[PDB]
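whatever this is, show me its structure:
(6 chains, ligands or ions: 1)
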Amino acid sequence: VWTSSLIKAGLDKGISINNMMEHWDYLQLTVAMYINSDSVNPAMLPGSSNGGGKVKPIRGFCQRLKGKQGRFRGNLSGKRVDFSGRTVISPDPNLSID
Amino acid sequence: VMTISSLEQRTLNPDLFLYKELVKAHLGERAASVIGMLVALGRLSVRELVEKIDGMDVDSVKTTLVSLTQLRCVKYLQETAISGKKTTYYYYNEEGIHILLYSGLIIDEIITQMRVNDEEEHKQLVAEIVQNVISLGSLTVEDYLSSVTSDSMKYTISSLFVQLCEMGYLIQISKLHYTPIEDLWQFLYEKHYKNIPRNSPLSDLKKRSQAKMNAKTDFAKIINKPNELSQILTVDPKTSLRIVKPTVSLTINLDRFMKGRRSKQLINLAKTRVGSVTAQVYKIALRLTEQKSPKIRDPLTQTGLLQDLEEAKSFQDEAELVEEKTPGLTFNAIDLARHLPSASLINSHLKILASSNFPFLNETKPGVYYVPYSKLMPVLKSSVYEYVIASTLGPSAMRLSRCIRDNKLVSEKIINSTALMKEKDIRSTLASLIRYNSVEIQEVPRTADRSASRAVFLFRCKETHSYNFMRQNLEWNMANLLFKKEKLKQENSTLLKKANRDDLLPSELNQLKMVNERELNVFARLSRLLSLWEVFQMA
Amino acid sequence: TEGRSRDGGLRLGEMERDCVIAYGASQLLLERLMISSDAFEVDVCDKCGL
Amino acid sequence: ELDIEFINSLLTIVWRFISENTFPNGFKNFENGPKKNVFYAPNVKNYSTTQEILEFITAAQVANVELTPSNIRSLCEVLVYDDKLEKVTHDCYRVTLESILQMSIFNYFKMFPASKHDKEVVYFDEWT
DNA sequence: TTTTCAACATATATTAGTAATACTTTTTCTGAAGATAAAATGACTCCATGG
DNA sequence: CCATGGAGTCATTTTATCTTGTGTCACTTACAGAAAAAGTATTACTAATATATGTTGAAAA
Ligand SMILES: [Zn+2]
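Residues are numbered from 1 along each chain as shown, chains lettered A, B, ... in the order given. The relevant structure is shown in the block below.
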């Protein structure tokens, strides 16, 4: 929203051609950054709410749907269950089979 | 959100969209939605339609199909593969529904032939003629005049009669006539590689160029066969004068409606840059020569054949000199000074032709007063676009958009030099423009690989994309405007049929003039936008 | 939710679920990965399914 | 010049002279007053303005310095871009007759929108 | 020599009025392996002229 | 008329690349500076008060 309404109030009156396409670019890098991993920091540097600490885990998107157990594999086909129980074991041979 | 948004009805339907509302707004019902499928999905076969539209097989398809064909709303072909049997393939006719799309300025074409009889029912007569002709599609003066009352004056009835000829109105539509041009270039591109009497195995070039040459020269008379042939014109029956061949079915040839509607635009361009008097001289000067100029007919096979890094030029320059030469003898050396108001000594008033100099006309055989033509239109059309973004984007937009025209791929620093204003303005009247396309962008990287703030920008034209930003004008309100016409029909939808079959009430009288003046506005718009749209689609 | 502490509930992994497939137990599997875990109603529009 | 305004201040003046250079002076009263076929044989008048501008600029009546032939050329380039006037044969220049702009159809001027109530209008946006 | 006094004085705070200057702020404002491809490799052939 | 030279297209490698990698608990802990604006601290005045502070010094032991 921010880097958009920038260009929205921009391009109406102020800014400039050279100080435009780097914004609109940066828009492109967020919206793609948004739905997938790809680009991390090819010396592009971040926007609002950074601090400049070099934080690698920047996404909670394509990954949440993708690998490991985010969701697709673990949380959907692999659903955690209900009405269950877990415990250690001990033999009871005086008990029948089954 | 509120539905007054009007997005669904708006953005996602280009190209095709116009058609399936036109026919819907015109024919409608099942008769429409078939074409909507036909344009979108390309060439299509009779049976294959039903797998999609769910139109009650071989019922609507057949009935609505011929329902289109007499109105020539489809392009029609049939053939067989090597296995056998037969099959039929279709298209959306030419510009086609286009014929419907004007139909008003085709009413205005009276004004040309309107001369020699003015302020008459004869006007109303020939108007009734044409408005019946397009509506009924193909006609025959034998069946039409037969349905027309007897015991009246035949050669007086017919109006056209000896006029049917002119440039416009009608021609026989013959067989492969509306078989698609592109494909008949293939069928005619047979017979040549098809028949090679084992000439030489070497040099497919001798096979190739000769083929295309054979393909070109054999194609020539193909469109000229309908163009004019005396089978219509010459006939002179007994107890009568020269007649057409009413035995033949004819249909309006839009090419001379192309030419006619266009020459008006050539006027309104000239009616600017010269004086109104000599302007008028240019106004009638076309009326004599508006006949043979190919105009919107000249692109023709410019569709359908691969262009060339050379042969495309040998096709261009051919169209450059051609009719400026042979029809150049049909063109204007000494005009009759046809009618004119100027008066008294009229001759040097005619010598004013040279007053037309830039940017058009003003060429001849050396010193006979005359105009170039087949080359004229090419050096004319390119400069017909004029102001297409005036009183829309603001005048400031012109000056630099015009400036971007002179030089090319120019950077805003020196735009700020040649053109001038505080950059605060440029970054509006330019940046605000680029959203509407035109200028596009060139950019080159400097002291980087490619980056954000590590390069410089340049601005170019690509007038194709420019001249193509106004084909949205098609989808623009020719989209919406025609809805306006339709989606309001529901206000009186119950009142409309009441008012038609009644010939009362206060509220009936109330919104009659409302919805009507409303209409007359919506079609006023349609005429205006149409007049603008007359340019970009061809020429 | 995961583990003890939080609460309970346990895990049928992509690896394990195959087991009940091999038996060919339908109503059990659907009784496990559906009713027992998240049973949820959705209202879908036949036209333009969403 | 300088980089800021009072550019068109002199532009509107030079345009008025260049107009007189084309055909005779304004002559707008009734239907056709202009040029009466440009004196005799509009072709026989072959005329620029160009260099003469500097001699006309001598009139001053404004706070400035003089100005070079070069920059004048750009001053004229702007009115080529605005299409107030026309560039022909190097330094030769005409006017586009769009002095009439001063005062179906094509002419954004002498036209006005409705722009109330009825929703059927032709914008240049809402397709975009 | 030292200590207590004293004592002298001078800030310290209020409320003003100026008036003027100087001085900080603030607020704009911009300059791990195995598919996929890309290109260099090379053979094929159309097509050039000439003895 | 035909062998030649030159190029144009078209298989064919070999380089540059990206997606994966057994399962479950149970805790765990946007650059910086520039300019404009706002406002203020002295900068004198009495004028009462009553500590602090310094010094010093004078006065006393
Ligand atoms: Zn729905």
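
for the rest of this, base every contact and every neighbour count on C-alpha atoms.
Noted.

OK, contacts around the one residue in the stretch 401-539 of chain B that gets nearest to DNA strand E?
Nearest to DNA strand E, among the residues of the stretch 401-539 of chain B, is residue B:424, at 8.3 Å (C-alpha to the nearest atom of the strand). By C-alpha atoms under 8 Å, 6 or more residues apart in numbering or on different chains, the residues touching residue B:424 are A:13, A:14, A:15.

how about residue B:534?
When contacts are counted by C-alpha under 8 Å, 6+ apart, residue B:534 touches B:261, B:262.

that one and chain A, how far apart?
32 Å (C-alpha to the nearest C-alpha, to the nearest Å).

phi, psi of that residue?
Backbone torsions for residue B:534, taken as degrees, to the nearest 10, come to phi -60, psi -20.

residues from chain C in reach of DNA strand F?
Counting by C-alpha under 7 Å from any atom of the strand, the residues of chain C close to DNA strand F are C:2, C:3, C:4, C:5, C:9, C:10, C:11, C:12, C:13, C:14, C:15.

show me just the buried residues among those residues.
C:9, C:10, C:11, C:12, C:13 (16 or more other C-alpha atoms under 10 Å in any protein chain shown).

how far away is the residue in chain D positioned nearest to DNA strand E from residue B:311?
Among all residues of chain D, residue D:3 sits closest to DNA strand E, at 14.5 Å; criterion: C-alpha to the nearest atom of the strand. Computed as C-alpha to C-alpha, to the nearest Å, the residue D:3 to residue B:311 distance reads 51 Å.

residue boundaries of the helices in chain D?
Counting by DSSP state H, chain D has helices at residues D:8-22, D:52-57, D:69-81, D:99-102.

got the CA positions of the shortest one in CSV?
Same thing as helix D:99-102. Presented in CSV, the C-alpha positions along helix D:99-102 are these (Å, rounded to 0.1, in the frame of the first residue of the first chain):
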residue,chain,number,x,y,z
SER,D,99,-5.3,31.9,-34.6
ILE,D,100,-8.9,30.7,-35.3
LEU,D,101,-8.3,28.6,-32.2
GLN,D,102,-8.1,31.9,-30.5
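
helices or strands next to the helix or strand where residue B:312 lies in the packing?
Residue B:312 belongs to helix B:311-325 when elements are defined using DSSP states H and E. Counting contacts by 3 or more C-alpha pairs under 8 Å, 6 or more residues apart in numbering or on different chains; DSSP states H and E, helix B:311-325 is packed against no other helix or strand.

so is it next to DNA strand E?
No - contact between helix B:311-325 and DNA strand E is absent, the nearest approach being 14.6 Å (criterion: C-alpha under 7 Å from any atom of the strand).

returning to what we had before: so the residue of the stretch 401-539 of chain B closest to DNA strand E sits in a helix?
Yes - checked against DSSP: H, G, I helix; E, B strand; the rest coil, residue B:424 lies within a helix.

if we can go back for a sec, now the residue of chain D closest to DNA strand E: how far from residue C:11?
Distance from residue D:3 to residue C:11, by C-alpha to C-alpha: 74 Å.

just give the nearest non-adjacent residue to residue D:81, would you?
Computed as C-alpha to C-alpha, 6 or more residues apart in numbering or on different chains, the closest residue to residue D:81 that is not its neighbour in sequence is residue B:399, at 4.4 Å.

what does the host helix or strand of that neighbour contact?
Per DSSP H and E: residue B:399 is located in helix B:395-406. For helix B:395-406, contacts defined as C-alpha under 8 Å, 6+ apart pick out B:387, B:389-390, B:410, B:415, B:419, B:429-430, B:433, B:439, B:459-461, D:78, D:81-83.

can you do 10 Å?
If you take C-alpha atoms under 10 Å, 6 or more residues apart in numbering or on different chains as the criterion, helix B:395-406 is touched by B:387-391, B:410-412, B:415-416, B:418-421, B:425-426, B:428-433, B:438-439, B:459-463, D:77-83.

residues contacting residue A:73?
Counted by C-alpha under 10 Å, 6+ apart, residue A:73 has contacts A:65, A:66, A:67, A:79, C:13, C:14.

next one: residue A:7
Contacts of residue A:7 by C-alpha under 10 Å, 6+ apart are A:14, A:15, A:20, A:21, A:23, A:24, A:27.

ditto for residue D:20
D:26, D:49, D:94, D:95.

for residue B:122, see how far away the residue of the stretch 401-539 of chain B closest to DNA strand E is.
Separation of residue B:424 from residue B:122 (C-alpha to C-alpha) stands at 62 Å.

contact partners for residue B:431?
Residues near residue B:431 by C-alpha under 10 Å, 6+ apart: A:10-17, A:20, B:397, B:425, B:437, B:439.

could you pull up phi and psi at it?
Dihedral angles of residue B:431 (phi, psi; degrees, to the nearest 10) stand at phi -50, psi -40.

nearest residue to the middle of the chain?
I'll assume chain A. residue A:60 (1.8 Å; C-alpha atoms, centre = their mean).

wrong chain, I was asking about chain D
Geometric centre of chain D, nearest residue: residue D:84, 2.9 Å, by C-alpha atoms, centre = their mean.

so that one versus residue D:101, what's the distance?
Separation of residue D:84 from residue D:101 (C-alpha to C-alpha) stands at 9 Å.

go on, residue D:60?
In terms of C-alpha to C-alpha, residue D:60 sits 27 Å off from residue D:101.

and if you look at residue B:514?
Here the distance between residue B:514 and residue D:101 works out to 34 Å (C-alpha to C-alpha).

quick check: nearest residue in space to the residue in chain B that chain A sits nearest to, chain neighbours excluded?
Chain B approaches chain A most closely through residue B:452 (4.5 Å), counting by C-alpha to the nearest C-alpha. Among residues not flanking residue B:452 along the chain, residue A:22 sits closest, at 4.5 Å (C-alpha to C-alpha, 6+ apart).

what about residue B:82, neighbour count?
Neighbour count of residue B:82, defined by other C-alpha atoms under 10 Å in any protein chain shown: 7.

swap that for residue B:490, please
Residue B:490 has 11 neighbouring residues, counting by other C-alpha under 10 Å.

so it sits in a helix?
No - the assignment for residue B:490, made by three-state DSSP, is coil rather than a helix.

which SSE is the residue in chain A that chain B sits nearest to in?
Here chain A gets closest to chain B at one residue, residue A:22, 4.5 Å apart by C-alpha to the nearest C-alpha. Following DSSP H and E, the helix or strand that holds residue A:22 is helix A:21-35.

chain center to the next helix-or-strand element following that helix, what's the gap?
The element immediately downstream of helix A:21-35 (helix or strand, assigned by DSSP H and E) is helix A:62-65. Here helix A:62-65 is found 6 Å from its chain centre; the criterion is C-alpha atoms, centre = their mean, to the nearest Å.

would you mark the buried spots in helix A:62-65?
By 16+ other C-alpha under 10 Å, the buried positions in helix A:62-65 come out as residue A:63.

so what secondary structure elements neighbour it?
Here helix A:62-65 touches helix A:21-35, going by 3 or more C-alpha pairs under 10 Å, 6 or more residues apart in numbering or on different chains; DSSP states H and E.
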